[PDB]
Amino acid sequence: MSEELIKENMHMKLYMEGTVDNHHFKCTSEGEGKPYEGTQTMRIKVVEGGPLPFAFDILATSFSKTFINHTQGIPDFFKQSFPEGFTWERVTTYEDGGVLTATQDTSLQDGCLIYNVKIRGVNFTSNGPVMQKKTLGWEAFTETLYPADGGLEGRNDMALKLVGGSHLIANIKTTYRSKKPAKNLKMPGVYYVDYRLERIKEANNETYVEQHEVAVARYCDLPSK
């Protein structure tokens, strides 16, 4: 491919810290996946602030765009960015008021993918399902990506499962920026990424979490005209 530095099997290391409401936390994680098959596993330790007084679910989407299977010859903005790497900035707005901003740096060091994530969430109400930890993982979802603001932008709603069977919806806005100059990049048009983010295991009040993701990029295959 274009992306020779990105192998069929890749390891990753992640550093995460920040705050939700008045609550500081810090996590580390390590994992591996298959970047061209669109699959990955992450093993996460909460190392400061644990056990967290909020649903770990609100952090889950912040643990990896190199591991998307780009089908149908869709140009791969993330894989093309290496060795330089890329960043993202995101805001997630929960329909019951919580707002979580996240920024991430993605680099490649000696064959390993290194993530640095900073999180700041505010206005999660004490009585809500997040702060009361009444959440049960996300439904499968699809990101829409399109070229904008000198990079890629992403958009999508997501549905958080709650105990009792109902859902809490969040709307997500992301901006992705390559550290490689845009003249060295084959830019995609509008495309879609199908996601399934699943919790595999949790130990000690969500102090240890294993997470799995499958991600497949595609066009819309509906008949046209």
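All residue numbers are counted from 1 along the displayed sequence.
According to the entry, the deposited sequence places 1 to 3 unmodelled residues between residue 63 and residue 64. As recorded in the PDB entry, 4-12 is the stretch of 4-12 and 215-223 with the greater mean C-alpha temperature factor. Mean C-alpha B-factor is higher over 28-36 than over the other stretch, the pair under comparison being 167-175 and 28-36. Across the options 72, 109, 101, 125, the residue with the most elevated CA B-factor in the record is 109. When the C-alpha B-factors of 95, 143, 89, 84 are ranked from the entry, the top spot goes to 84. Ranked within its chain, residue 199 lands in the highest third, by CA B factor from the PDB record.
Among the modelled residues of its chain, residue 77 has a C-alpha B-factor that falls in the middle third, as given in the PDB entry.
The PDB entry assigns residue 50 a C-alpha temperature factor belonging to the lowest third of its chain's modelled residues. When the modelled residues of the chain are ordered by their C-alpha B factor, residue 160 lands in the lowest third. When all modelled residues of the chain are sorted by CA temperature factor, residue 105 is found within the highest third.
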